[PDB]
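J.: What follows is a structure written as structure tokens; I'll ask about it next.
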Protein chains: 12
Amino acid sequence: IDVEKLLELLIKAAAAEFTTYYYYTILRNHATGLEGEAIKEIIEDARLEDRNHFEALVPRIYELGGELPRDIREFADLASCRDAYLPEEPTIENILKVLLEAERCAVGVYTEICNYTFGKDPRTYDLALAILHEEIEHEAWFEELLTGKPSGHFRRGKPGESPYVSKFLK
Amino acid sequence: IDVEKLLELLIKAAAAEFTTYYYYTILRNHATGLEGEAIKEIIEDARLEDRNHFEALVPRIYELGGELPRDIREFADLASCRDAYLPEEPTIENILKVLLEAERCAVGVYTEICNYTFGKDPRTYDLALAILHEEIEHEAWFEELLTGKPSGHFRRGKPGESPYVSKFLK
Amino acid sequence: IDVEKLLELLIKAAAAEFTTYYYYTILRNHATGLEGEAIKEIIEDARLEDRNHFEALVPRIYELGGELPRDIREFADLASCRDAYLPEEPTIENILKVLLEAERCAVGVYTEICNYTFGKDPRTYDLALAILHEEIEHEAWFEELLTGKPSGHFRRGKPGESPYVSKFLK
Amino acid sequence: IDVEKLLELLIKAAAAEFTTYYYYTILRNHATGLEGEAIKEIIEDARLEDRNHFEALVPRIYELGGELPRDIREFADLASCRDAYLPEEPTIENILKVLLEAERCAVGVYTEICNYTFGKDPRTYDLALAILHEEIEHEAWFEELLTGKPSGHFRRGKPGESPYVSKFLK
Amino acid sequence: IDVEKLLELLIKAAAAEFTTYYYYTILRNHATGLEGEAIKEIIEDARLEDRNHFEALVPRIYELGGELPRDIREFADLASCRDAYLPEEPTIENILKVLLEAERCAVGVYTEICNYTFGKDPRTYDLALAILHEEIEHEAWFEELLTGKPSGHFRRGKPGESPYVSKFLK
Amino acid sequence: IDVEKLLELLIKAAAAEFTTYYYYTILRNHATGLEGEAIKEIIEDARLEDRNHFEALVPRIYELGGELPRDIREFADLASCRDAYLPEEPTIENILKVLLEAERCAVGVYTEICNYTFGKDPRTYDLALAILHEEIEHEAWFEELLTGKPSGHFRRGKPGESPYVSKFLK
Amino acid sequence: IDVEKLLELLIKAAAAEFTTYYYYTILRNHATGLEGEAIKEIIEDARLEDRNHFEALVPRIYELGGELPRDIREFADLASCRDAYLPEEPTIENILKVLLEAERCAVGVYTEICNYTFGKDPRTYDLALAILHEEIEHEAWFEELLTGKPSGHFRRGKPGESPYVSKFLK
Amino acid sequence: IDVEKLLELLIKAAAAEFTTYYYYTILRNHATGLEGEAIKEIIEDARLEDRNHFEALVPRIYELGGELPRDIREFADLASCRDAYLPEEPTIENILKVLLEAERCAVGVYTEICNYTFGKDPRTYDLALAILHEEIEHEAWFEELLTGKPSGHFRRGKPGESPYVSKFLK
Amino acid sequence: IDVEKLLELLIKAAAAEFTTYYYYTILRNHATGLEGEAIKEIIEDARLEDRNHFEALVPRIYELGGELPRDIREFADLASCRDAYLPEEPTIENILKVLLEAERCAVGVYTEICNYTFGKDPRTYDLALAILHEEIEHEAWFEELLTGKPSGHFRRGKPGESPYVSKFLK
Amino acid sequence: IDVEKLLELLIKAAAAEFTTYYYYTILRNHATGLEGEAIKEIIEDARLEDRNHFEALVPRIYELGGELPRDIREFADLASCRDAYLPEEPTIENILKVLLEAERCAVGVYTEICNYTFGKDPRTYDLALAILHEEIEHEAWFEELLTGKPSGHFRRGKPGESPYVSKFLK
Amino acid sequence: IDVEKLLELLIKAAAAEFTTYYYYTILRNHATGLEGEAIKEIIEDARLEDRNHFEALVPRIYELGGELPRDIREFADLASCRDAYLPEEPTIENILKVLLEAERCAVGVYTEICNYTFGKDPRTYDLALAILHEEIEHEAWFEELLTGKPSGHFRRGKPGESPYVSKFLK
Amino acid sequence: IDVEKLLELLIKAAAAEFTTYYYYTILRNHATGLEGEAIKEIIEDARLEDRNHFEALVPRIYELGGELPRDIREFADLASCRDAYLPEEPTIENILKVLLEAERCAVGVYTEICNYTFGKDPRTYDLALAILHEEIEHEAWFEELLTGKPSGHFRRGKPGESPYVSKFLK
Ligand SMILES: [Fe+3]
Ligand SMILES: [Fe+3]
Ligand SMILES: [Fe+3]
Ligand SMILES: [Fe+3]
Ligand SMILES: [Fe+3]
Ligand SMILES: [Fe+3]
Ligand SMILES: [Fe+3]
Ligand SMILES: [Fe+3]
């Protein structure tokens, strides 16, 4: 396994989690009205779990001999998912589209890391898998809200509980 | 009081609670979209309390010298309420109709047991009354969601808390 | 500072909180249907925090040498906000209008008390400010639900937690 | 059973609980001095449990198709117990007399509802019985404090815990 | 209803609960060996719940204008169940026989009180019913251990939790 | 050390604790009125800790090869303190006199056991000392209430917490 | 990976967990007598964890685009383990044989799913592995009770805690 | 603002809090008898909150570049309130007089600091205000106990909870 | 008061808190070795409280009709404190210098907001003051670690507890 | 007192506790079958408390200027009790014999230390006494299981709680 | 035993604990810099436990018929340990020297009380022993920090937990 | 997979964990002085987690049909890591070297087991991975303390929490 390549993947993933923490704050605040009130708590759970994902990734990056970039702007520019901007027409549907696209990119990111580390870096694989669990659940949430396809999920107990990633958190 | 007749009522009630636990799982998963997100937690609270009702009824059945049927299929066929099938057109309204009809049947079932045991089997009466409390609240929930008639209820704290039946639970 | 004038303001504020506790009970029970299910918990949090506000104001009234009026009807007639009656056409929108108008009046009431006591009665100012915090949040809640303007708030953890007024509560 | 008559009883009971919540606030604040310090916590427990009784009665009123009156003054005028006014000579003994008379009226109110619903409305009977438990304990408290007749009770753990009515509370 | 007769029943019941608390201490300590280790915790749960039953009955006795007898020996002599003496051959089977006989007598005692107070003394009926719940469960426990007839029960969580009588306890 | 003599002391002590549990129940219920309300919780803490003392002594009696007497009447007759009867004139002062005399006898009982076991039976000494701690505090409580001599104590947090004996309790 | 084949495996596994929840209820209730008292809590822990396994599998089935069958009878007929019927001679040994056979089938079921998803469906693999952990422990429990071969396990803290599957539960 | 003058005020206030912690220990221990039992817990809550006030003031003194005096005697001599000596005739009334006078001095001390720092030292102002809240409540307590004027307060939950100063405590 | 100017101050403050959350992550990870082990937990508490400060500021920004900038890079560029870069020679002393300079800038930022809103925007003033409390404590921490001047502080209980800002957090 | 001799006793005791932690692991795992299921939790409580005893002894050894031996084999060879080997015929009875013999040796060890330190080394005496409490209870447990002599004990709440030694544990 | 002599010892000990509470506050605040950050929490634990020691000693002084001196200065002058002044050169080493000397004096004080009360005043002996436990641990802490001799201790969980004295605390 | 070879690996790993529990006790006690105070808690967390690792490995060894060796000396001799002896010159640096070498050996041990069981023994692989997580974190801790290379970790909340292995613990 190429630790330099792995470190780039992990840093790009951490950048996506960090920027998502900011952009989902904006999206949550624009999920207004009666229909917005349904999804506001769901966005908040996704936002806080993505913050947890950033917190879980940074120790592994440093364990592997990597480091966060010096400038926060450099870091944001490394994000492996495009920025989850507030849509120009911020309807609930358009916001859900942004959220679903972001979660689908995240699922792809950690699937790629899991594929890269499978049977080679057990600790990193297990960390990527833990985050992948939560991203798959996020993607299921938003896909159901947007398309009506049954996801099998309903409200998390308290936002940001991160049941799969918690063992990596301090 | 005819313990054999009482046992049949209790077993039929337990069968209805058990099957409801399965069928409400399906119904919860098809309460999708923005409007489904409102009622998903309400279905879940009803589903988990009906599981509690099954757990509360079984000890009383055995205390009275009865027993569950040998085969799970026999048991399901004994249910005193018709199966809460997913409707062919699973809109939120059609799902609510199934839920309301099921809860109304449950209210009838425990009202019948309470009438049968009033002043004759205090422990069984109190158990039937405890479940009846929760069924009346479930029926109120779904009737309000479906017809807009004020029920007087809003979200339970945590799903499955069963405030009335808890003293019967282990 | 004129303690007699201050006492009248505080008693009128306490009357508004007390009557709101009653009228919001009615409003919560008529927020029915799928769209009502969104706002029912929000009304309940506002109702329980306004009950807390009454509980926090009464000790200060007595500390300052005032007292509640002898008759509950006299007390209700002193309310500094007009009664939050159920609207003749109790749609969710019309209910939200009543709630928003009540919260806006409350914000005005405690802003007036804060202005009257600023730099003169520190304990009363701090109490009025604590309640003002919660009224501003209530007003933000309902204004977002009604107009879609981003308020920055989403569901309180448990209704009636009163994070700002709790230090005044027993 | 005549649901209209039952609803009137329940609303009148709820009015008595609501007004008691106000009037006991006044009574608690005038139970002063060394001897008042004994009974202040007892009044407070009674006051908070009567608030719980109001909270428990309202859902049942709405379940049965009733509603609270539009105006808080109408509601107060419906109270089935006369107003627990602060006595003109507010000695501890005179305050205890008011409290005992109020609790005795409450015991009568819920005894009447229990008699009306016995074997006919199990849920309402059980609710009336739950409140009756707490009223009988309140009456015992104050009768002992006033006459020295042994009641068998001593301080509740925390005021407002409502051990009998809690299962009806949210 | 004849309060004097009711008081005698309640005092005799309280005496049985009090003496059982002592005699079950002896029985628990003689349930030795590998087979005794099974039932020791079951005896302990029964013993502590019977202590709770004594604690729950005394306030009601005093509420009704009765009192405990002056001398503890008088009290013990009033017990409505014969003393649960350690058997002359204290085998596990012989101990279980004593326990089952005691619980069957207790079930009879509270069934008699429930019959006497049904529809006449709601608070006392509810107290007798609460204790009856726990006695029926105790009788089921020991009957299963002794005869193998399925009771439907297994270990209580913590001994002395008294799920049915707790609302009467301080 | 003479284990037979030690066992007699321990059984007589356990009998005193057991009977006190009964007699203090009566005394607590007759500590009525405004002045009784002060000491009711203090009696209750003493009563529940003396119940704990009985629970702590019985295992040690059995560890040492002793056993409780077969009949509860035999047991009560062994009490090392005379019965704490309700006084013929049950004033608060006369009740306090009974309580103080009982606690003084208890202090003497465990002082005697500590003297007998000092440097010879460490486990029994430590158990007697643990109970002695609580008896000395009880005696201080009642002596202050009766004579005004400063004891240095004020209300225990929750009655029956037994801070010194808890390590011996299950 | 063939999602249709995977879905069939998962649904058949969920059916086995669901039916086990019923059949283990019967088995627990027939584990009577002194020797049954040992294993009753062990059956109960297995039963509640198998209920948790059903709850954990259903969301994954829906995430993958599958659904539970319409009728509860269809569902039961899909179970990948034969029904754990009460044996015709329900001795403790014969009951243990049924339990061990059921757990061995479960171990086989999740081993097959893990083999099918290894390195291909990380989330499903991790879910199957989590359940496999608990099935291997169940099989160890019952094999030790039946054959005396050391399993390395002793009583779970509280039944149904599911330490391995909890992260999948809501 | 003159930090040297402010530091002197804060150190003198801290000295008063520290010495009060000692002197209220004496006063609590001499609040004996039946009437003393009422106020003992109130003195204890005041004593522990004044200890908290000392703990809250010291960090601010050091933050501002001040320090506690080298010798504890120097420190005690700086107290801004005269020593709360046990009165020569330590009746409950005379003790209450000492307590009320001490609390009135404390209210004056923190009112002076609040006036000195208003709009100039926000952190110190907020700290002085937090302590002032608790001193005003203490003064209300003792004034009611002594004169019967309604204060609006009753027993704090647990002594020393310091609801207003807690945010400054570690 | 000029809400546009106030909004710019608040957004610039929120940007500083957000970027600090990133940069302190880097600084914490480079506080290595035996001497670094002392300050690592202190950096972590500062980092998590600054994250809390961002979370507390955003709702107020939206309440006042402002919004976060569309792009995370725009946001970072608005920070009112220069970026807390890892020093080119990352010794513990040089890291402490960066931390102290950042905290001093933060103290200045919230002092400016408090000055701008004093007596004009009570809610915003109280929020700025709450954050100012924590920044003053952070500055004290690092100044003591760097210069040895007594600050009066020692380790926070758990990192990120934010005792002053918590009432603003969800 | 001869600290060198005392240190040897304490180190030999710590060695016995440490080795017991290992050997009881083996014994617990071989207490199989239906009869083994009774005693498995009892062995586990003894094993975890003996681990606690090792943890409590080591600080005292170092306080007195002693140290653990360099090599773990040297340490094991110092054990004051012979190794609790799995018996060649590992029946439940033979295992109980090993356990009882080990506990009897432990009781002797701490009795010797208590005798050596009585009135000379209070801290060490109190530590030895604390462990002696738990060893006497362990010996009682196993003696009852093996011989049927009443011990007075039944299941500890949670294994390893060490109620007597806890004050020495970190 | 001479209670007057014992009272003088106890009061002198309480004075030392009280003054230490003040002087250790100063010492903690001057344990600055990177090396001071290690010992600051250790000083704080010692300081809070010595406050607990004062709280534990005062009730015993009053139980024995003693009393605290009228003036706080008299009290401080009675301290059995010389004042733990901040050293003229307040280096970490010089501060540790003061702390170690103070703890050594405390160990001597309670060793003297234990010697005086051994086998004569069990309650006082046990109290002195409880404090002696904590003083020996404090002395071990500081001696290790100062000289490097292994003490066997590391950080207490939370400062002021007083595991040995807690049973004497309210 | 060769279960005999796997069992040898697991037993050798368990031996290393067991001996580490002893040797880290010695190392922790010799990490003295101001610089030792930093790492003492880190050693303690590693020591308690390695004890947890032993507890987690033993059930798996028995599940697979293996057993611990008869004699504790045989067991210690099987350790897969050389004994972590206290260095002849026990400086903090030399102690850290021993700790780092031990953790590096542990990382190698569980990496080997993971490699051996990957895709063949899922339960054992997951157990080895869980321990590997904690060993990698331990190695990171000590490497940072020794070399200054950023590890990304700071103090665990409470020592011995084992966030990754907890699901395997009872
Ligand atoms: Fe994420
Ligand atoms: Fe309000
Ligand atoms: Fe009421
Ligand atoms: Fe006692
Ligand atoms: Fe399963
Ligand atoms: Fe103060
Ligand atoms: Fe900040
Ligand atoms: Fe001390």
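We number chain B the way Swiss-Prot does; in order, the residues shown are 14-183.
Placed from the backbone N, Cα and C atoms, the Cβ positions cover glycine too.
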J.: Out of B:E116, B:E125, B:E174, which does Swiss-Prot tie to the same Fe cation site as B:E30, B:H66, B:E148, B:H151?
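T.: Among the candidates, Swiss-Prot records only B:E116 at this Fe cation site.
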J.: So if I draw a 10 Å sphere around the Cβ of B:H66 (Fe cation binding site), how many other Cβ atoms end up inside it?
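T.: Here the count is 28.
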J.: Write out, in the order they occur in the sequence, the residues of the chain not among B:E30, B:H66, B:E116, B:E148, B:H151 that have a C-beta within 8 Å of the mean position of the C-beta atoms of the recorded Fe cation site.
T.: B:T33, B:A59, B:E62, B:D63, B:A115, B:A119, B:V120, B:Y123, B:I144, B:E147
J.: I want to check the contact list for B:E116 (Fe cation binding site): same chain, sequence separation of six or more, C-beta distance under 8 angstroms. What comes out?
T.: B:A59, B:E148, B:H151, B:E152, B:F155
J.: Near the Cβ of B:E148 (Fe cation binding site), how many other Cβ atoms are there if near means within 10 Å?
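T.: Result for B:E148 (Fe cation binding site): 26 neighbouring Cβ atoms inside 10 Å.
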J.: Report, as a single number, how many Cβ atoms besides its own are within 10 Å of the Cβ of B:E30 (Fe cation binding site).
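T.: B:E30 (Fe cation binding site): 26 neighbouring Cβ atoms within 10 Å.
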J.: For B:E30 (Fe cation binding site), what is the secondary structure by DSSP, using just helix, strand and coil?
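T.: Note: B:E30 (Fe cation binding site) is helical by DSSP.
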J.: I'd like the number of other C-beta atoms within 10 A of the C-beta of B:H151 (Fe cation binding site), please.
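T.: So the number of other Cβ atoms within 10 Å of B:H151 (Fe cation binding site) is 25.
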